[PDB]
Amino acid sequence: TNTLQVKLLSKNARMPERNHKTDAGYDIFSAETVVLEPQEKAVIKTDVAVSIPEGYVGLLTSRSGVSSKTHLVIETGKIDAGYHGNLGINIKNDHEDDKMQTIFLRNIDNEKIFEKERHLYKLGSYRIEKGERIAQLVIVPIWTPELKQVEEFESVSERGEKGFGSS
């Protein structure tokens, strides 16, 4: 009732963790090491399942550090109540593909990764390490009413049909 069921699907999974006791979200960790080149897309596995109860939705979203410092973009996942599969981090390296080469991959803090064994990478490539903190899960109540088709609404609003307005 004030409890959320969490299922760890492999040895690579980490239990989600809340930094401060009043923060919104539970930190989410990668269960896989992946390199993403510029423009490359992936669904990164967490090997974590949850059982969000009816009346709620999970928002599987970015962290402020990773999104602001790198070109790694996470599309917010709407995690349905009842979904018991592996939580997937839906991600793109949105660094441009400019055809330049470099010796340095970048980590999720945008720091150059110095390797003893030197290799050539596409400029703007990132490595995500297993066990790194790349997303968070925030759970929010939802309203799911019956839909009633109408020809006209039962009240006239101040806003009306106005949208996509200027600044």
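From 1 onward, residues are counted along the sequence shown.
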Comparing 151-159 with 5-13, the one whose average Cα B-factor in the PDB entry is higher: 151-159
Stretch exceeding the other in mean C-alpha B-factor - 34-42, 107-115: 107-115
Options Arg63, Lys69, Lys99, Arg127 - largest CA temperature factor per the record: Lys99
From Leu123, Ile134, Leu120, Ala49, residue of greatest CA B-factor: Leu120
